[PDB]
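Worksheet for the structure shown next.
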Amino acid sequence: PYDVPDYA
Amino acid sequence: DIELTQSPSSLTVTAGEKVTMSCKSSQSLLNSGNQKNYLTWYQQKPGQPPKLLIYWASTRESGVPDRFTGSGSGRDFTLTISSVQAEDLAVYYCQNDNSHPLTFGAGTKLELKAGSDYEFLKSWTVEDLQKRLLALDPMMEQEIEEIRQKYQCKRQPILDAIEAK
Amino acid sequence: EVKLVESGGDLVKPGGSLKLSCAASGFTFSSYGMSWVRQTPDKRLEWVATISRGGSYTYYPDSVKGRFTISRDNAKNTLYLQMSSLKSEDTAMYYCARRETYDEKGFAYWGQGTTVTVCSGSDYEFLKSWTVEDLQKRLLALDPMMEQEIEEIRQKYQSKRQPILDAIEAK
């Protein structure tokens with residue numbers, strides 16, 4: 001429901 | 001774009017020898033937030049995916065014996081095998097895992113010295129040895145199929161020209 | 001147990017397209033980003049695409065931007081790679097891999113790989129003026145060449161089996 005971008 | 005230089009490209013090793021591998025990064029791999037090195041080392045046997053070996057430059061992954069040490073910081077990193085064993089013969093890759101685009105070094109390949117197999121395998125049981133003998137068949141088969149596919153490509157234009165008549 | 005299975009590889013001509021698949025199991029698929037990483041014949045590793053766990057973020061190197069699209073069906077546990085405008089250079093083993101959204105440690109989980117081959121030397125416009133007999137000679141000649149290369153692979157692995165066989169025989 002709450003996306004997360006990539007850490008790089 | 002971050003360039004990783006692995007040196008040397010290849011290494012011929014006898015059993016028990018110490019092994020030193022170099023991975024140099026054009027930019028720092030020191031993460032802004034946690035100040036760990038986002039540098040990951042992989043070990044790749046033929047016909048297999050690369051397998052994660054060390055992460056954060058120096059943390060060994062599960063199952064990895066303490067023969068292996070990752071070391072160095074920022075831009076100059078080292079993988080050290082204190083005492084190389086047959087199961088260690090592979091290609092070693094380092095990866096920038098810190099900033100896009102993700103990039104990989106070209107790999108450092110470990111190869112046994114010609115004629116040295118007996119010493120590498122002297123502690124191997126017949127069970128261990130059969131497993132290593134059976135593992136050769138998928139690698140051979142994968143290499144042969146690259147040939148078939150290469151020659152399918154070479155045939156198509158000739159076939160295309162012949163059908164154009 | 002975490003498992004990943006690629007599929008969809010094929011041999012195609014330049015300018016064609018193709019869609020790869022990756023089936024995922026053994027973990028909560030919608031909790032992890034995913035990546036595609038390929039290995040070209042010179043055995044170089046080249047990162048090709050990454051997607052966030054929810055699908056709304058995508059990343060690509062410049063070499064496949066505008067040509068490759070990564071996507072995911074989180075209800076089906078499937079990751080996808082659509083490849084357009086294929087070049088010969090895109091020939092590789094393509095690997096599916098989990099993005100370690102929580103460990104931030106690199107790539108721990110890879111699939112077995114699926115082979116994409118984009119053909120080189122495909123234009124035949126210069127071959128059209130050949131006679132059918134000469135095209136046959138050129139076509140037939142690839143057989144002894146291909147058999148000979150296959151036979152060298154066999155010779156190479158005969159050579160690799162031999163020390164292991166010798167150690168087995170010694171008990």
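Order determines the names: the first chain of the structure tokens is A, the second B, and so forth; residues in each chain are numbered 1 upward, and ligands are numbered 1 upward as they are shown.
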What are the nearest atom pairs, with distances in Å to one decimal, for all residues of chain B that come at most 7 Å from chain A, using only C-alpha atoms, set out by chain and rising residue number as a Markdown table?
| residue | atom | partner | partner_atom | distance |
| --- | --- | --- | --- | --- |
| B:97 | CA | A:8 | CA | 6.7 |
| B:98 | CA | A:8 | CA | 5.1 |
| B:99 | CA | A:8 | CA | 4.2 |
| B:100 | CA | A:8 | CA | 5.5 |
Sel. of alpha helix (DSSP H) residues, segment 56-153 of chain C, as a PDB file with C-alpha atoms, in the first residue's frame:
ATOM      1  CA  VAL C 132      21.258 -22.226 -55.081  1.00  0.00           C
ATOM      2  CA  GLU C 133      24.081 -24.721 -55.511  1.00  0.00           C
ATOM      3  CA  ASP C 134      26.644 -22.371 -53.960  1.00  0.00           C
ATOM      4  CA  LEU C 135      24.285 -21.447 -51.125  1.00  0.00           C
ATOM      5  CA  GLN C 136      23.930 -25.158 -50.409  1.00  0.00           C
ATOM      6  CA  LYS C 137      27.710 -25.602 -50.276  1.00  0.00           C
ATOM      7  CA  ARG C 138      27.954 -22.671 -47.859  1.00  0.00           C
ATOM      8  CA  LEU C 139      25.020 -24.022 -45.835  1.00  0.00           C
ATOM      9  CA  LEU C 140      26.380 -27.562 -45.684  1.00  0.00           C
ATOM     10  CA  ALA C 141      29.850 -26.406 -44.669  1.00  0.00           C
ATOM     11  CA  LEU C 142      28.567 -25.243 -41.285  1.00  0.00           C
ATOM     12  CA  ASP C 143      27.902 -28.860 -40.253  1.00  0.00           C
ATOM     13  CA  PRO C 144      31.519 -30.137 -40.048  1.00  0.00           C
ATOM     14  CA  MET C 145      32.398 -26.829 -38.363  1.00  0.00           C
ATOM     15  CA  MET C 146      29.654 -27.206 -35.743  1.00  0.00           C
ATOM     16  CA  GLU C 147      30.435 -30.879 -35.161  1.00  0.00           C
ATOM     17  CA  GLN C 148      34.079 -30.020 -34.732  1.00  0.00           C
ATOM     18  CA  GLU C 149      33.392 -27.365 -32.081  1.00  0.00           C
ATOM     19  CA  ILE C 150      31.093 -29.753 -30.216  1.00  0.00           C
ATOM     20  CA  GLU C 151      33.800 -32.403 -30.335  1.00  0.00           C
ATOM     21  CA  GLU C 152      36.333 -29.993 -28.730  1.00  0.00           C
ATOM     22  CA  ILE C 153      33.936 -29.362 -25.846  1.00  0.00           C
TER      23      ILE C 153
END
Who sits within 6 Å of segment 116-121 of chain C, only C-alpha atoms, same chain under 4 positions skipped, as a PyMOL selection string: (chain B and resi 153) or (chain C and resi 9-14+88+91-92)
Next, dump the selected residues to file, keeping only N, CA and C atoms, as a PDB file, in the first residue's frame.
ATOM      1  N   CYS B 153      22.095 -19.412 -35.657  1.00  0.00           N
ATOM      2  CA  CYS B 153      22.227 -18.049 -36.172  1.00  0.00           C
ATOM      3  C   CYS B 153      22.975 -18.015 -37.515  1.00  0.00           C
TER       4      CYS B 153
ATOM      5  N   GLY C   9      13.432 -17.320 -22.592  1.00  0.00           N
ATOM      6  CA  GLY C   9      14.533 -17.223 -23.522  1.00  0.00           C
ATOM      7  C   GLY C   9      14.232 -17.908 -24.842  1.00  0.00           C
ATOM      8  N   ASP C  10      14.962 -17.478 -25.859  1.00  0.00           N
ATOM      9  CA  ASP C  10      14.692 -17.841 -27.242  1.00  0.00           C
ATOM     10  C   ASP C  10      15.827 -17.253 -28.055  1.00  0.00           C
ATOM     11  N   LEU C  11      15.900 -17.656 -29.314  1.00  0.00           N
ATOM     12  CA  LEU C  11      16.845 -17.093 -30.270  1.00  0.00           C
ATOM     13  C   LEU C  11      16.065 -16.191 -31.213  1.00  0.00           C
ATOM     14  N   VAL C  12      16.479 -14.938 -31.343  1.00  0.00           N
ATOM     15  CA  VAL C  12      15.711 -13.998 -32.144  1.00  0.00           C
ATOM     16  C   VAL C  12      16.641 -13.126 -32.982  1.00  0.00           C
ATOM     17  N   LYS C  13      16.070 -12.532 -34.013  1.00  0.00           N
ATOM     18  CA  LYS C  13      16.778 -11.646 -34.918  1.00  0.00           C
ATOM     19  C   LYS C  13      16.844 -10.232 -34.348  1.00  0.00           C
ATOM     20  N   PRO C  14      17.825  -9.427 -34.762  1.00  0.00           N
ATOM     21  CA  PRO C  14      17.899  -8.052 -34.252  1.00  0.00           C
ATOM     22  C   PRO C  14      16.643  -7.282 -34.602  1.00  0.00           C
ATOM     23  N   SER C  88      22.090  -7.587 -31.197  1.00  0.00           N
ATOM     24  CA  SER C  88      23.065  -8.651 -31.022  1.00  0.00           C
ATOM     25  C   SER C  88      23.753  -8.584 -29.655  1.00  0.00           C
ATOM     26  N   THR C  91      22.658 -10.450 -26.317  1.00  0.00           N
ATOM     27  CA  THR C  91      22.839 -11.888 -26.129  1.00  0.00           C
ATOM     28  C   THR C  91      23.476 -12.179 -24.769  1.00  0.00           C
ATOM     29  N   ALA C  92      22.810 -12.991 -23.951  1.00  0.00           N
ATOM     30  CA  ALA C  92      23.331 -13.272 -22.619  1.00  0.00           C
ATOM     31  C   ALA C  92      22.461 -14.320 -21.942  1.00  0.00           C
TER      32      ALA C  92
END
Could you check which of B:47, B:118, B:61, B:80 is closest to residue 112 of chain C, using only C-alpha atoms? B:47
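A straight line drawn from atom CA of residue 49 of chain B to atom CA of residue 143 of chain B is 15.0 Å long.
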Give me, as an mmCIF file with N, CA and C atoms, in the first residue's frame, the residues of segment 53-159 of chain C that a backbone DSSP run labels strand (DSSP E).
data_model
loop_
_atom_site.group_PDB
_atom_site.id
_atom_site.type_symbol
_atom_site.label_atom_id
_atom_site.label_comp_id
_atom_site.auth_asym_id
_atom_site.auth_seq_id
_atom_site.Cartn_x
_atom_site.Cartn_y
_atom_site.Cartn_z
ATOM 1 N N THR C 58 10.891 2.098 -11.088
ATOM 2 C CA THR C 58 11.715 1.286 -11.975
ATOM 3 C C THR C 58 13.012 2.021 -12.289
ATOM 4 N N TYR C 59 14.077 1.245 -12.457
ATOM 5 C CA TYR C 59 15.417 1.745 -12.714
ATOM 6 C C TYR C 59 16.063 0.892 -13.799
ATOM 7 N N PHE C 68 13.964 -1.871 -22.612
ATOM 8 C CA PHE C 68 13.540 -2.884 -21.648
ATOM 9 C C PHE C 68 12.570 -2.271 -20.646
ATOM 10 N N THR C 69 11.537 -3.026 -20.287
ATOM 11 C CA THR C 69 10.593 -2.604 -19.258
ATOM 12 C C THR C 69 10.442 -3.737 -18.259
ATOM 13 N N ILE C 70 10.634 -3.437 -16.991
ATOM 14 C CA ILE C 70 10.499 -4.422 -15.935
ATOM 15 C C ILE C 70 9.125 -4.236 -15.306
ATOM 16 N N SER C 71 8.476 -5.342 -14.964
ATOM 17 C CA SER C 71 7.151 -5.232 -14.390
ATOM 18 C C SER C 71 6.908 -6.452 -13.519
ATOM 19 N N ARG C 72 5.845 -6.373 -12.725
ATOM 20 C CA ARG C 72 5.563 -7.426 -11.768
ATOM 21 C C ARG C 72 4.063 -7.567 -11.583
ATOM 22 N N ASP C 73 3.632 -8.805 -11.390
ATOM 23 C CA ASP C 73 2.263 -9.102 -10.998
ATOM 24 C C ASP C 73 2.316 -9.677 -9.591
ATOM 25 N N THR C 78 5.045 -13.092 -9.881
ATOM 26 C CA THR C 78 5.766 -13.157 -11.141
ATOM 27 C C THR C 78 6.433 -11.830 -11.447
ATOM 28 N N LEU C 79 7.682 -11.910 -11.886
ATOM 29 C CA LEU C 79 8.419 -10.759 -12.365
ATOM 30 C C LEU C 79 8.631 -10.897 -13.871
ATOM 31 N N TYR C 80 8.631 -9.767 -14.574
ATOM 32 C CA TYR C 80 8.682 -9.768 -16.028
ATOM 33 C C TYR C 80 9.794 -8.867 -16.551
ATOM 34 N N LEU C 81 10.284 -9.187 -17.746
ATOM 35 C CA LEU C 81 11.187 -8.286 -18.461
ATOM 36 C C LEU C 81 10.797 -8.296 -19.933
ATOM 37 N N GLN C 82 10.229 -7.192 -20.407
ATOM 38 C CA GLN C 82 9.968 -7.011 -21.822
ATOM 39 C C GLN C 82 11.193 -6.388 -22.469
ATOM 40 N N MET C 83 11.663 -6.998 -23.553
ATOM 41 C CA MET C 83 12.853 -6.543 -24.261
ATOM 42 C C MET C 83 12.478 -6.182 -25.689
ATOM 43 N N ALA C 92 22.810 -12.991 -23.951
ATOM 44 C CA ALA C 92 23.331 -13.272 -22.619
ATOM 45 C C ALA C 92 22.461 -14.320 -21.942
ATOM 46 N N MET C 93 22.966 -14.815 -20.810
ATOM 47 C CA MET C 93 22.145 -15.494 -19.816
ATOM 48 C C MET C 93 21.516 -14.436 -18.911
ATOM 49 N N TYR C 94 20.189 -14.421 -18.844
ATOM 50 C CA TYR C 94 19.479 -13.448 -18.030
ATOM 51 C C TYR C 94 19.071 -14.088 -16.712
ATOM 52 N N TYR C 95 19.423 -13.432 -15.611
ATOM 53 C CA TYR C 95 19.124 -13.927 -14.277
ATOM 54 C C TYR C 95 18.110 -13.030 -13.574
ATOM 55 N N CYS C 96 17.167 -13.694 -12.950
ATOM 56 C CA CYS C 96 16.205 -13.104 -12.056
ATOM 57 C C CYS C 96 16.811 -13.088 -10.660
ATOM 58 N N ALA C 97 16.613 -11.995 -9.924
ATOM 59 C CA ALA C 97 17.199 -11.928 -8.593
ATOM 60 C C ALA C 97 16.372 -11.055 -7.662
ATOM 61 N N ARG C 98 16.384 -11.423 -6.385
ATOM 62 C CA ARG C 98 15.658 -10.674 -5.372
ATOM 63 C C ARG C 98 16.455 -9.456 -4.942
ATOM 64 N N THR C 114 17.853 -17.833 -17.908
ATOM 65 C CA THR C 114 17.288 -18.175 -19.209
ATOM 66 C C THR C 114 18.057 -17.454 -20.313
ATOM 67 N N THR C 115 18.469 -18.215 -21.327
ATOM 68 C CA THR C 115 19.342 -17.757 -22.401
ATOM 69 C C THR C 115 18.572 -16.961 -23.444
ATOM 70 N N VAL C 116 19.012 -15.732 -23.698
ATOM 71 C CA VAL C 116 18.562 -14.957 -24.850
ATOM 72 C C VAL C 116 19.713 -14.902 -25.846
ATOM 73 N N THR C 117 19.446 -15.245 -27.106
ATOM 74 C CA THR C 117 20.426 -15.100 -28.174
ATOM 75 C C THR C 117 19.823 -14.234 -29.261
ATOM 76 N N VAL C 118 20.455 -13.098 -29.533
ATOM 77 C CA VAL C 118 20.047 -12.222 -30.619
ATOM 78 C C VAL C 118 21.089 -12.357 -31.714
#
Distance filter 7 Å, only C-alpha atoms, chain C against chain A, as JSON, numbers by chain: {"C": [52, 53, 54, 57]}
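Interatomic distance, atom CA of residue 66 of chain C to atom CA of residue 149 of chain B: 27.2 Å.
The coordinates place atom CA of residue 33 of chain C at 27.7 Å from atom CA of residue 16 of chain C.
Distances to residue 29 of chain C were evaluated for C:2, C:165, C:131, C:107 using only C-alpha atoms, and the minimum falls at C:2.
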Close residues, residue 60 of chain B itself excluded, 12 Å, only C-alpha atoms, min 5 positions apart in chain, as number ranges by chain: B: 40-42, 52-55, 65-71, 79; C: 105
Grab the residues selected above and save them as an mmCIF file, in the first residue's frame with C-alpha atoms.
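Everything below was put into result-v7.cif:
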data_model
loop_
_atom_site.group_PDB
_atom_site.id
_atom_site.type_symbol
_atom_site.label_atom_id
_atom_site.label_comp_id
_atom_site.auth_asym_id
_atom_site.auth_seq_id
_atom_site.Cartn_x
_atom_site.Cartn_y
_atom_site.Cartn_z
ATOM 1 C CA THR B 40 29.540 -7.128 -2.388
ATOM 2 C CA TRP B 41 31.746 -10.074 -3.398
ATOM 3 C CA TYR B 42 30.358 -13.044 -5.375
ATOM 4 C CA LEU B 52 26.816 -14.031 -2.586
ATOM 5 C CA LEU B 53 30.029 -14.437 -0.576
ATOM 6 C CA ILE B 54 30.794 -11.222 1.362
ATOM 7 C CA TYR B 55 28.664 -8.128 1.854
ATOM 8 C CA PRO B 65 34.338 -20.460 5.921
ATOM 9 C CA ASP B 66 36.763 -18.103 7.620
ATOM 10 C CA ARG B 67 39.347 -18.914 4.935
ATOM 11 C CA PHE B 68 37.756 -15.903 3.238
ATOM 12 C CA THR B 69 38.344 -12.311 4.294
ATOM 13 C CA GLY B 70 37.007 -9.188 2.645
ATOM 14 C CA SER B 71 38.856 -6.020 3.630
ATOM 15 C CA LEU B 79 39.413 -10.593 -1.046
ATOM 16 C CA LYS C 105 23.419 -6.521 1.091
#
